[PDB]
Amino acid sequence: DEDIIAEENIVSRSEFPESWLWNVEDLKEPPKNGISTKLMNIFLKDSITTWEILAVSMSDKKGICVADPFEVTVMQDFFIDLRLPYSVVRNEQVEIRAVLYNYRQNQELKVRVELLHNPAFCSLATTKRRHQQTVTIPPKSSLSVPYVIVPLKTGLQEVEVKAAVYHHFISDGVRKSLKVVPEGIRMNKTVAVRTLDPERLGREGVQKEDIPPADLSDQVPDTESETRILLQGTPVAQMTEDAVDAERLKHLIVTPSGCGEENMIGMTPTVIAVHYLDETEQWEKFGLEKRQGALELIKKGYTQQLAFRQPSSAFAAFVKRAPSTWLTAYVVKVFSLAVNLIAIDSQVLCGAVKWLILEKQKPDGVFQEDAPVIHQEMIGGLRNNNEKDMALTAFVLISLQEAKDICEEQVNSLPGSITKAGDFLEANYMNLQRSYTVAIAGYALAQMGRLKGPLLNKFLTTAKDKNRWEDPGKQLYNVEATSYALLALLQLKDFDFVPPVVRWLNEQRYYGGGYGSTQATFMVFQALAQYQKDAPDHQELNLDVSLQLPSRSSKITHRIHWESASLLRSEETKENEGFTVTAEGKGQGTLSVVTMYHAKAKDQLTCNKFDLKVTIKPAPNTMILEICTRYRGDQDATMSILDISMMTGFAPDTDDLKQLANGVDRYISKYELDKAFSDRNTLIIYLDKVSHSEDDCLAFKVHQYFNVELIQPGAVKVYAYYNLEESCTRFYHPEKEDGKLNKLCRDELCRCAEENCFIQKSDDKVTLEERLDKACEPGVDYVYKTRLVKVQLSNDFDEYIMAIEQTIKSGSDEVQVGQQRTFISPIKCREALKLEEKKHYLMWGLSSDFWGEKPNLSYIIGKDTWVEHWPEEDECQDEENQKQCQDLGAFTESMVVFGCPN
Amino acid sequence: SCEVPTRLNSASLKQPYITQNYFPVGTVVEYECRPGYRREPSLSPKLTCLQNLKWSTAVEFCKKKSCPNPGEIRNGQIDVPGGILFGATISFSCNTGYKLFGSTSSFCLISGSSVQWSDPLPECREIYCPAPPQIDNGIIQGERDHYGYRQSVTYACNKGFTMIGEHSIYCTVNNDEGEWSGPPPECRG
Amino acid sequence: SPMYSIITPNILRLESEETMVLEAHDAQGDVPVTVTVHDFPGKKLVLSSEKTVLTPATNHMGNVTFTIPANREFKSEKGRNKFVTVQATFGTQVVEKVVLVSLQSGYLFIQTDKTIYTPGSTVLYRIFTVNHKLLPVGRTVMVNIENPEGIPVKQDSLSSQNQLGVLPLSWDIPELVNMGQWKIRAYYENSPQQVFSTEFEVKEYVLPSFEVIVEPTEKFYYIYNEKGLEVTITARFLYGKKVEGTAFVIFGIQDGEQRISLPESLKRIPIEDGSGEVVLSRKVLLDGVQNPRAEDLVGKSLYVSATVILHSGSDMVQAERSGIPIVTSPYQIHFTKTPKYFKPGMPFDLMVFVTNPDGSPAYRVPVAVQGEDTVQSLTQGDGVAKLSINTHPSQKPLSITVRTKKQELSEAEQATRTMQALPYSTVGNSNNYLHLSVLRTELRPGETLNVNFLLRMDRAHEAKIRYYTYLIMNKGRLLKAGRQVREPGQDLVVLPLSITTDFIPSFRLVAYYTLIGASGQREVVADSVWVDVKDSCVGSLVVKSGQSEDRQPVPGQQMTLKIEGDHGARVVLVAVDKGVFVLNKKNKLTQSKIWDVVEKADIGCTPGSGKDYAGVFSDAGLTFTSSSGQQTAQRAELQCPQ
């Protein structure tokens, strides 16, 4: 128009982030008082608001620092706030608000506000008509402008309103987008939950696991669905049961005293207690400070064991007594274990090893004993006679290989003696009867790995109930042979046969110390410490989880080892696939797969909390607006709001408002009260309460102050103060039926129809050339010479069953001469069309005016549909009609013979 | 009479004063902004001829034309040395871990009836590192499709093997080229 | 006679410079000291090894600063705390002590751009990787993102090397997602137990376009205030202008997590010129609860729900103030800042801490000891008062009760509180004490503090105490060790201790003396104190406007942003629409929450002192070990006692 900013020059505000300026700057400027000062230019977005700017710094000297917020307020003297919702339902008619703010101190502004037409939305502004209201805004005030729409395509869409003032150079535009969403409701289904554990049913051929996809047959079209998948880890990882509590070893800290033998009986429980505690890391529960003090006693046992060491490097009860081999093999055994604890001399230990080898070894491999120890109980089971060439050669043997690493380079005859005593236990192992002698002899061949075959079998078979090596007599022997056997299979890696032994000794609850409890204590704690250091087969659990989904090409492996603070792995796919998952290792897991989507639903809960009926009837100039509402609870609702918008160019009656305003549980602010008849398109009626038993009805007169041709349906919305969401919004228009804007829809596809019912025109200026040019551009798809056989009336959409009398031009509908095609039109176009039965018409339209499929196609008379009355035969002889019969007849043969130019 | 109106960088005379030479005293000449400058409503585009044979002194009638806001570059930056007015220049850069694809600079040039940036806004593409090495007797604890700047890869040897080296390695970026911090570990049997 | 000592922190940490204080008392000539650190109990390695010489000219005071590398021997397994054996050889005399080792490498902070988000958007979040001293470090960090129900849906593995302790990160929330509270969880790879978390909300929302602030006149309610709880409902647009519309306001009573709505307090009030007034009368209140007794409401709280609707009906905003305490007293008193043990016959100092019902410090509030009106003291900026009472020599439990003496109010409204301080047990009842006093003031870095050393002991041995040893603890480390000269006869000596940015936010001073007395017994007498410092930035960071103040900004305008900060530093900005902070303002980032974390990770568990000297030490977060056997208690726990 005149003295206004045109529509194409105006830039709508589009940039409305909720956060921006996610930037990184470096303070490298010359510092003043250790303070550097940086200047940055930034282009502020399109939002009309206040930004809060938060800066965090990091300096290798001053560390981190969070700065105080800095607010920047961005404004303009005149502007618009287009207040959309987060999302809206597709095909659902809704109202959107656009508030025009005028913050000029004392200068009113005559403004024009226009909504732009968007094919995705069916509103009043179209292709062919603008929708502009002219309204006045007083100084320091706002003016609300309501628009009603219906979203035509799901997905994101875009509303954009523009506004300009008269006589001034002020213009503003807001371009906001909103998500249009499908009706369905969220459903979550479980696809597969299987337990991942190789060995138990998941065969040694490691478990393979097939997972089908989800049903999703009731998935509403065009929606993504995500498949999440989880691998829940198992916490269960008992070593055996529990290591023995340190509080149970308090008696094992003994002051070593006496001669060559008893002092070893006193150094035994102490060395083996700390060794076990260092390995079970129970030093805490026990008392950390107590370690230093037990190490001093181990050093005291060793110093005092130096005084009974004879020149031949051997040991005996006294210095004048002949040296005992077993004793010296015990000295070697214990000192080989208290190497990591105290500072053990190599000359002494290796000297006693050399002595044992050169003096105390027979050619044939068996140690011989010359001078039995005085303390015979300290020997353990070796005392019970029978095959002591084995019990002994296995004892001195175990002492020698445990002294291997320390005296290999100092003693060169050691590998040969070791092998020597091993070939002999090897030849005579099958002739052993006692459980003890075979448990030490097998632990003695276990270390060289020379325990195989039949000897192996006899060793395993030896044990009763697969958990113990017991012999008639004292139990201490049986616990000692059991501990040798436990060490024997820990060397064997035999992690299956271990679980039951461990349970047996813990069950025995032997905590060492007692009469002749030297071996029992050294073996039960070397065995339960190696049970805790070797840990057999983890004892914990190891699971590889390889998953294959035909979507990705890559293979995904998930290692869920124990002692890792997670025990959880989850992966997700945007596509519902059939994927198979191979797992592997020890351990019991689980695999649960969940897909998510929206299924078909009918819904329509809303109004969930409120009923509403709004009827608009004519007055006895003005119309009557009655509102009727009701609560859907068990109680009467509290303070509710009645939000009303008016139909365009209409204002409520002041006196009727005054009459509602006075008490009766109803209220209206002085504000809505002193608005003049002008410019009052919005209104709020406050309700002290609403009933739940019956309808609460009110009603007031509305007057038309401003006359316009395309008027916008009014809208009423109820809702309790505490809840916005649980609301109801009905629309109201005197004629418009249902309060629904005209639109033709099938299933979920609909198209707006608020436009001219057809190409508006009079047969006089429409010449032949204007017919050959308009009926041959590309868009035009079909053009027929038709005749109206039947007209079908309804409440909303008319059906003009046109019988094709000639196919002038053919549009994708492969229609032959004689067949019928239904033409549909809104009721508001019955008056503009005046189609009559038995008459002929020249019609043509686009391909977008198709409705349906091929075996039942219907035509829709849109704004590009050319509807023209073909005069009958006895009307063309008439001279005033001639120009039209002759133009239609020339258009018939100019399109039938030649057609289009191309 | 006064000499021809002096050349102005912003506005050029209108018709038909541009071809005149007879400037009797008390004459007004009208200018129209050049490309690219815009008229300043509050200011008169006319000039007048003085007694000592001079013209009315005036500051330049058309102000300099502005370019459209350069915009924002997802994980990149726009260096604006000196404004976005007609004849201005801007440069582009990407944030570490991202590579530049397109023009490294843009110019505010005159197009048709207005000024427009010479080149389109380029793109910063995530610089991916090459796929992590597969080690013998070990695997990569829960791998990944793509490893970017700073993404790390954790390793794990199989049962019966010992790990000797860095438990994991990370992706470093040098000259838009992704390279591993270092060699992966080894699982000695 | 020579007694060699060694002092370190209760808990040592990995990849951090731990300091160690070495001493030889009544020693002569030079003394070679070698320090070694071994793993416990294996002693498989040599993690640290330093050599130094103690000389009479340092008065035989040494110090070794050592580092514990992050060997793979240190982690696990599992839930099994680990330990080191600190060894200190002085010539021929060896002193060793086992200390606890923390895996915690330091801290991580997470910062998101916004507080709340819409399905379909991107969450931008930065991780700040810093050691215990808060400086940036480059390490590997695991990052998880958990959903409402507490389920990880994504895990990444990253490192802040060359990232200057600033690790940028992003996460695209899918449009199909569970509403509610989401969590970002992050931890250092070498220390998976200590986790650092931040919550962000995911919800279907829109910007209100205006804000509503509800303010009760008092930040509390006094049960006998007849007027009742009067509240001012202010409402203004985000861009500043005041709002015209109508408000509904309701009141409620909360007890823990259970809320009771007061239906009869529901009012509808006209908002004129962007403001409105509404009052909850005591009557309605007592009527809504079924109790006649009013005092039963003390301890509970009140909440106010506001609903302001624009006269256009185009925008409606909801607000709520919560946790308005119902109290008999407009103040509260806490001894969380006072030590729990005195020294018989010596002045005992009280650190009274007066808060406002919310938890904020109460300025200028006089307090006093009952039975002693002389003893009076006012609260400073931080809300603390320094009261001092002279005590009698006796082993009887000191019980001290304190009240406020704020004028204008009544005795009934005054607050009160009662603690109990036990006596410091002396080595074989030698009756030899030490007391450290500090001037109570809001301390700033740059100021100089006057630490007061008061010694009490029989004249038979004072002439032997020539010096005190002090140690400063901070952030859980040893910031500085040193010596205080004392001449014979000097009851009170003063230490001029300069305060730097390194003392922020809080520091502990523990000092002690040793001597031979009684019947040839080696005696150590120690005392500690905890001093608070003005929480702030080590440096400074200010953001403000570069242009003129007159030039208001316009949509699409170029504007100048001035940034004043520390030279060399890197600044990371963000700009959020105040509409966001109308929906959710929680889990914001502040420097104070940083100092808060730093604070929660102190190894010191007491305002100072201790039942004994090994207690003063262990309580302050230290281990004191000697060559005559005067040792501390073995600390088995990483956390502080309940």
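Residues numbered from 1 in each chain as written, not as in the entry; some residues may be left out. Chains lettered and ligands numbered in written order. Heavy atoms only, no water. Residues with missing side-chain atoms left out of burial classes, pairs and counts.

The record names X-ray crystallography as the way this model was obtained, at a resolution of 4.188 Å.

By the naming in the PDB entry, chain C goes by COMPLEMENT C3 BETA CHAIN and is assigned to Homo sapiens. The title given to this entry in the Protein Data Bank is "Crystal Structure of Human Complement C3b in complex with DAF (CCP2-4)".

Per the PDB entry, the recorded name for chain B is DECAY ACCELERATING FACTOR, CD55, and the organism is Homo sapiens.

A separate point is the pattern of salt bridges. Under the counting rule described, the total for this entry stands at 65 salt bridges over all chains. The partner of A:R248 in a salt bridge is A:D245, with the nearest N and O atoms 3.7 Å apart. Look at A:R248 and you get partly exposed, because its relative accessible area is 32%. Across the pair C:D382 and C:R440 runs a salt bridge, and its minimum N-O distance is 2.5 Å. Of this pair, C:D382 sits in the loop between β29 (372-377) and β30 (384-389) while C:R440 sits in the loop between β33 (433-437) and β34 (448-456); the two residues are 58 residues apart in sequence, bridging distant segments of the chain. Owing to a relative accessible area of 16%, C:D382 belongs among the buried residues under this scheme. Overall, C:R440 belongs to the buried group, its relative accessible area being 18%. (Salt bridge = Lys/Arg side-chain N within 4 Å of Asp/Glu carboxyl O. Buried < 20%, exposed > 50% of the residue type's maximum accessible area, 1.4 Å probe, protein only. Helix = DSSP H or I, 4+ residues; strand = E, 2+ residues; numbered from the N terminus.)

All right, on to the state of the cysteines then. Here a disulfide denotes one covalent bond, and it connects the sulfur atoms of two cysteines. Scanning the entire structure with this criterion turns up 15 disulfides over all chains. A:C776 shares a disulfide with A:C900; S-S distance 2.0 Å. Between A:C776 and A:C900 the sulfur-sulfur dihedral comes to about -110°; the bridge is accordingly left-handed. Here A:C776, found in the loop between α15 (769-774) and β36 (782-792), pairs with A:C900, found in the segment after α18 (882-898); they are 124 residues apart in sequence, far enough to count as distant. In this structure A:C900 comes out as partly exposed when scored by relative accessible area, which is 29%. The disulfide that involves B:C67 links it to B:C108, with 2.0 Å between the sulfurs. Disulfide B:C67 to B:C108: torsion about the S-S bond roughly 100°, handedness right-handed. Highlighted residues: B:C67 in the loop between β5 (62-64) and β6 (76-79) and B:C108 in strand β9 (residues 105-110), separated in sequence by 41 residues. The pair formed by B:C67 and B:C108 is uniform in burial state, with each residue classed as buried. (Disulfide = S-S within 2.5 Å.)

Turning to the interface of chain A and chain C, a few remarks are in order. Taken together, the contact pairs 105 residues of chain A with 110 residues of chain C. Tallying contributions element by element places strand β3 (residues 36-43) of chain A first for the side of chain A that touches chain C, with 8 residues. Its residues assigned to classes, the side of chain A that touches chain C comprises 48 nonpolar, 22 polar and 35 charged. Two elements, strand β1 (residues 19-20) of chain A and strand β43 (residues 575-577) of chain C, share 2 bridges in a ladder whose sense is antiparallel. From the neighbouring strand, A:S19 faces β43(C), where its bridge partner is C:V576. (Contact = heavy atoms within 4.5 Å. Nonpolar A, V, L, I, M, F, W, Y, C, P; charged D, E, K, R; others polar. Pairing = 2+ DSSP bridges.)

Computed from the structure, the second largest pocket encloses a volume of approximately 1,800 Å³. The wall of the second largest pocket is formed by 38 residues, among which A:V11, B:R38, B:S66, C:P555 and C:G556 lie closest to the centre. Elements with a contribution of two residues or more to the lining of the second largest pocket: β15 (171-181) of chain A together with β5 of chain B. The leading source of residues in the lining of the second largest pocket is β15(A), at 3 residues. Across the lining of the second largest pocket, the residue classes tally to 13 nonpolar, 14 polar and 11 charged. (1 Å grid on protein atoms, 1.4 Å probe; cavity = no way out; pocket = protein on both sides within 12 Å on 5 of 7 lines; lining within 4 Å. Points joined across faces, edges and corners; volume = space filled by probe spheres on them.)

Our focus in this paragraph is the pairing of strand β1 (residues 3-9) of chain C. All names here are of chain C. Burial within β1 is extensive, with 7 of its 7 residues counted as buried. Side chains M3, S5, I7 and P9 project from β1 onto one buried face, and the interleaved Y4, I6 and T8 project onto a second face that is buried too. As defined by bridge partners, β1 adjoins strand β3 (residues 17-25) across 5 bridges and the pair is classed as antiparallel. Counted as the bridge partner of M3 is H25 from β3. Inspection of the sheet shows β1 paired to strand β44 (residues 622-626) by 5 bridges, in the antiparallel sense. For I7, the partnering residue across the bridge sits in β44 and is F624.

This part takes up the nonpolar core. Among the nonpolar cores identified, the biggest contains 101 residues, and C:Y125, C:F128, C:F453, C:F507 and C:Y513 are the most heavily contacted of them. The leading source of residues in this core is strand β38 (residues 506-517) of chain C, at 7 residues. Core analysis: the second largest hydrophobic core is formed by 100 residues, A:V332, A:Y436, A:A441 and A:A488 among them. (Core = buried A, V, L, I, M, F, W, Y, C linked by side-chain atoms within 4.5 Å.)

Let's shift gears to the domain arrangement of chain C. Residues and elements named next belong to chain C. Under the domain assignment used here, chain C contains domain 1 (1-106 + 601-632), domain 2 (107-207), domain 3 (208-329), domain 4 (330-431), domain 5 (432-536) and domain 6 (537-600). Centre-to-centre separation of domain 1 and domain 4, based on C-alpha positions: 35 Å. Buried area between domain 1 and domain 4, summed over both chains or domains, comes out near 670 Å², and the portion from carbon and sulfur atoms is 63%. The largest share of the area that domain 1 buries against domain 4 comes from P607, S609 and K611, three residues that together contribute 60% of it. Put simply, domain 1 and domain 4 have 2 residue pairs in polar contact between them. Looking at the side of domain 1 that touches domain 4, its residues break down into 2 nonpolar, 3 polar and 2 charged. (Domains from an automatic or database assignment. Buried area = accessible area lost by both parts, 1.4 Å probe. Polar contact = N/O pair within 3.5 Å; in protein donor to acceptor, adjacent residues only side chain to side chain.)

Here we come to the interface of chain B and chain C. Each side of the interface is counted separately: chain B has 11 residues, and chain C has 12 residues. Both faces considered, chain B and chain C share a buried interface measuring about 950 Å² in area, 36% of it formed by carbon and sulfur atoms. When the area that chain B buries against chain C is broken down by residue, the three leading residues are B:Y149, B:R150 and B:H167, summing to 47%. Viewed at the interface, chain C and chain B are joined by 0 salt bridges. Between the two partners, chain B and chain C, sit 7 residue pairs in polar contact. Residue composition of the side of chain B that touches chain C, grouped by class: 3 nonpolar, 5 polar and 3 charged.

Residue and element names in this part refer to chain C. Judged by the 2.5 Å criterion, the UniProt-annotated disulfide of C605 with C640 is present, its S-S distance being 2.0 Å. Highlighted residues: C605 in the loop between α3 (591-600) and α4 (613-620) and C640 in the segment after β44, separated in sequence by 35 residues. With relative accessibility at 34%, the residue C640 sits in the partly exposed group. (UniProt positions renumbered as here; feature names shortened; annotations may be inferred.)

With that settled, consider the domain arrangement of chain B. The domains assigned to chain B are domain 1 (11-63), domain 2 (76-126) and domain 3 (138-188). Look at where the C-alpha atoms of domain 2 of chain B and domain 3 of chain B centre, and you get two points 38 Å apart.

Residues and elements named next belong to chain B. With its sulfur atoms 2.0 Å apart, the listed UniProt disulfide between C67 and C108 is closed in this model. Look at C129 and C171: UniProt has them disulfide-bonded, and their sulfurs are 2.0 Å apart, which fits a closed bridge. Of the two residues, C129 sits in the loop between β11 (123-126) and β12 (138-140) while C171 sits in strand β15 (residues 168-173), which places them 42 residues apart along the sequence. With respect to burial, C129 and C171 carry one shared label: buried.

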